[PDB]
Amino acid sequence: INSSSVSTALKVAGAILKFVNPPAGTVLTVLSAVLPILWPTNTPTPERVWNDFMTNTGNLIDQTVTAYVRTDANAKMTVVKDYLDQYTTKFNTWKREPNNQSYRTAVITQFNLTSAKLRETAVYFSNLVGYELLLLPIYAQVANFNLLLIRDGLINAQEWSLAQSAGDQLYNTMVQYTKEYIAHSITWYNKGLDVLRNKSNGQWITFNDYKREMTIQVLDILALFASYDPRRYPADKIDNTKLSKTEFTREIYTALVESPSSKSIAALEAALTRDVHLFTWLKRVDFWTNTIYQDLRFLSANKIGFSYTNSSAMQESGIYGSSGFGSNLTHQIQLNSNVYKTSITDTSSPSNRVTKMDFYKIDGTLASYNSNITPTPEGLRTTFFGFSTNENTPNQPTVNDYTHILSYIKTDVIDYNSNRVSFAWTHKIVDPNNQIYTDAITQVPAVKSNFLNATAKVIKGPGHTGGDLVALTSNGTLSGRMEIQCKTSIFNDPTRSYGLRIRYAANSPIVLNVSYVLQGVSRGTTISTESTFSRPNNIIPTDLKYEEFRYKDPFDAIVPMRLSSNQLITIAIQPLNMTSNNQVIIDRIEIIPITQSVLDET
């Protein structure tokens, strides 16, 4: 549902793939000529019907009013984009001649007007009672712009006025708004979720559609907020629009499910999705076919071969589906290239009797499962799954516009020969090399580790971190340990210095042993966390707040990691002398290039 949102809900905030900013230099790509792309029209063709269930859709009157609310909201966003365009035009003029006080005053004036308007609109979209869920997606976008603009004020605070102080107040405002925007979004995401989870005869497919769209349109945006803090992540001097890249490690699902389904939402969730886990990469898909009757050959089960990031080992899943007599392993497909689109063919009625599945790879090839049923039954239908930035091709992206790749497949038996088949997808922004960039702060979520000891485990993320987390706990005997391997980029210097930072939450001041291994040589240090949160009976937190995450720097400008070019580095984290109730939850590690600027910031 809604194709012009599950494509452009990260297309505007995704126009920055590398070099796309104005800070000095000829520009004719993003910044300039942005008018004919930012807000060409508004909303000529139909869209967004999902997430409207909290409004009265029982009658045409309320539905018509709700339609107007959506139209008015799009008009207000167009107004917001125009304010931003005026800001950008004045900023660029100023940047080309910073000493011209007329250009300076002009951009400052526009910054104030645009900032006020953005805040104002976010407040409106979150306080129109009875429409908060409906407006959550647009709210997130406005919230996103508001924080991005504030960041700019902080970046140019010194050049535009008495450095900080009036910037410290602005900084506090940025932090306050970040918390507000995240709190509102998480609160409503969950209310909508509860409504769907509580509906009688609630269909899992509807529940899942909701989570997938919210993830793409709201949750992923929230994950970017932390990176906007310019004190924590200094702006690229060559071009301020460049940001420390944030990865969304969460998996979203698409599935072929019988309709209607009498199986519960909880039952299908357990059967079609994966328990929290370290990020995995899909390497092989095994398929079984029921072969007793040739004219009744259909998919019967599947298994997955996968690997953790930068791991050389092939992990094997259990068998999903049926593997008794008559069920035979007929396919083992090595997916040497990312799969950006899939299709599945099944009979119409009874439905879900799968005869074929196609897997489109980015290298231009196609892999397929085929039951080889003969003769070919009538009433076959084919359903495509995939994520495109092109709203005109909802489930059929091309190699040039897909946003996700296949990460998993699970089969759940309905009746003999009939199954529900779910496809898990991960965002293409996730780096398979955990590459340490040379010119920006590199983010590497903890779930991209490839080793966890007995007392370290992945736990559900609160919804605003872009994925799940790694909890290092204590057995009273063994302290949780995580290992994550990263690849340095190629550079000429024999060695370069990098600081190592950790974004985490902890329920007490705990000593952490942090080390990095390069060609078998291990170097380590110790650093203590702060107490950032606490919960009743020390239960592992499922609702960590933005403010409950903090930062610590085991390695810095004084004692940096010394890394050589194009090597595999193993970073390990493990608490020291930890008590049975101590908890250290890692969101992600961050590698910071040590330059002269950071030489002063350390």
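Numbers for residues come from their place in the sequence shown, where the first is 1.
Trainee: Which of the two stretches, 105-113 or 151-159, shows the higher mean Cα temperature factor in the record?
Mentor: On average, C-alpha B-factors are higher across 151-159.
Trainee: On average, are the C-alpha B-factors higher in 449-457 or in 320-328?
Mentor: Taking the mean B-factor of the alpha carbons in each, 320-328 is higher.
Trainee: Select one of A67, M561, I571, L35: the residue whose C-alpha shows the highest B-factor in the crystal structure entry.
Mentor: Highest C-alpha B-factor among the listed options: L35.
Trainee: Per the entry, which of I592, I589, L10, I585 tops the list for Cα B factor?
Mentor: Top of the list by C-alpha B-factor: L10.
Trainee: Is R231 in the lowest, middle or highest third of its chain when residues are ranked by C-alpha B-factor?
Mentor: Ranked within chain, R231 CA B lands in the middle tercile.
Trainee: Could you look up the Cα B-factor of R523 in the entry and say which third of the chain it sits in: lowest, middle or highest?
Mentor: It falls in the middle third of the chain.
Trainee: Relative to the other modelled residues of the same chain, rank the CA B-factor of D194 and answer lowest, middle or highest third.
Mentor: As the PDB entry reports it, the C-alpha B-factor of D194 lands in the highest third of its chain.
Trainee: Which third, lowest, middle or highest, does the C-alpha temperature factor of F385 belong to within its own chain?
Mentor: For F385, the deposited C-alpha B-factor lands in the middle third.
Trainee: Going by what the PDB entry lists, where does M174 fall on CA B-factor within its chain: lowest, middle or highest third?
Mentor: According to the entry, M174 has a C-alpha B-factor in the chain's middle third.
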